[PDB]
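# Per-entry structural report
Chain by chain, the residues run as shown.
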Amino acid sequence: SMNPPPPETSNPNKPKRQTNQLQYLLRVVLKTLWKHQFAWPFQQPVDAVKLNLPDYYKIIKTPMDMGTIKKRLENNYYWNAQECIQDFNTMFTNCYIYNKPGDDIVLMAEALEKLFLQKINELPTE
Ligand SMILES: C#CCOCCOCCNC(=O)CN(CCOCCOCCN(C)c1ccc2nc(-c3cc(C)c(=O)n(C)c3)n(CC3CCOCC3)c2c1)C(=O)c1ccc(C(=O)c2ccccc2)cc1
């Protein structure tokens, strides 16, 4: 099987804006998670071809990753903060749906998810 195309990271038709919450999602939330020692499985789309996972995109029909989220924030793809928060929660849920619960990557995702949730608790006023 081929990999599906990656998620869209830009759309000219979409209006753009710079909100204090969108700045925080990029320069605090993503900045913190990106540099974490456990980021690297989540920094790009799951390459099912390279990793030989013929069932990944039979199970995961809403793929998401931090490389996509990064590009979306850089390209003002997101109007509301909750759109971006929705993409992070999708990335975590996909990892928990596909991988056996005793797997190393499940602990890695939970660590990044704990940090994500602490940084979201500190999001600034709209
Ligand atoms: C022969 C032949 C070819 O030769 C290639 C050589 O490649 C190794 C060298 N790598 C580098 O130079 C770059 N790099 C970053 C990536 O490193 C992770 C190692 O695997 C990379 C590739 N994989 C397997 C690879 C790549 C991407 C993957 N994505 C997934 C995956 C799969 C599924 C099913 C999924 O749901 N998700 C979300 C992601 N996998 C599968 C593995 C994920 C982790 O558990 C094992 C399966 C990936 C595997 C690093 O050097 C590096 C390392 C480790 C850390 C690190 O974590 C650390 C640890 C301690 C202290 C400090 C830092 C940091 C940087």
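Okay, so let's go over this structure. Sequence order sets the numbers: each chain starts from 1, possibly unlike the entry numbering, and residues with no coordinates are not included. The basis for the side-chain values is all heavy atoms of the structure; hydrogens and waters are excluded. Residues with missing side-chain atoms are left out of burial classes, side-chain pairs and their counts.

### Section: the site of the ligand
- The full set of residues close to the ligand is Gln37, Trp40, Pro41, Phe42, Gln44, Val46, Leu51, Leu53, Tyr56, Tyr98, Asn99 and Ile105.
- One of the backbone nitrogen or oxygen atoms of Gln37 is found 2.8 Å away from an oxygen atom of the ligand.
- In protein, a polar contact requires one atom able to donate a hydrogen and another able to accept it; more generally it is a pair of N or O atoms within 3.5 Å, and residues adjacent in sequence count only if both atoms are side-chain atoms. In this structure, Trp40 approaches the ligand through a side-chain N or O atom, which is 2.7 Å from an oxygen atom.
- The protein chains shown are the only cover counted for residues, whose accessible areas, like all others here, come from Shrake-Rupley with a 1.4 Å probe. Protein chains bury 38% of the 1,300 Å² of accessible surface belonging to the ligand in isolation. Being near a molecule or strand, for a residue, comes down to having at least one heavy atom within 4 Å of it.

### Thoughts on the packing of aromatic side chains
- Centre distance within 6.5 Å is the pairing criterion for rings of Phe, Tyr and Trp, where only the six-membered ring of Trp is used; planes under 30 degrees apart are then read as stacked, over 60 as edge-to-face, and the remainder as tilted. Inspection of the entire model under this criterion finds five aromatic pairs.
- Look at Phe92 and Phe116: their rings are 5.7 Å apart centre to centre, the planes differ by 55°, and that puts the pair in the tilted class. Here the residue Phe92 occupies a position in helix α5 (residues 81–98), and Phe116 occupies one in helix α6 (residues 104–120), the gap between them amounting to 24 residues. The residues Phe92 and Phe116 share a single accessibility class, namely buried.
- Every member of this aromatic cluster is reached through a ring pair, and the members are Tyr56, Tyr57 and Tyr98.
- Taking NZ or CZ as reference, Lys14 lies 3.6 Å from the ring centre of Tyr77, over its face. Under the DSSP-based scheme used, a helix requires at least four consecutive residues in state H or I and a strand at least two consecutive residues in state E, with every element numbered from the N terminus. Using a 1.4 Å probe on the protein chains alone, a residue whose accessible area is under 20% of its type maximum counts as buried, one over 50% counts as exposed, and one in between counts as partly exposed. Only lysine NZ and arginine CZ atoms are considered, and such an atom sits over a ring when it is within 6 Å of the ring centre and within 35 degrees of the ring normal.

### Structural notes on the environment of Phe92
- Looking at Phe92, the relative accessible area reads 1%, which means it is buried.
- Sequence spacing of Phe92 and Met64 is 28 residues, and the spatial spacing of their C-alpha atoms is 8.7 Å.

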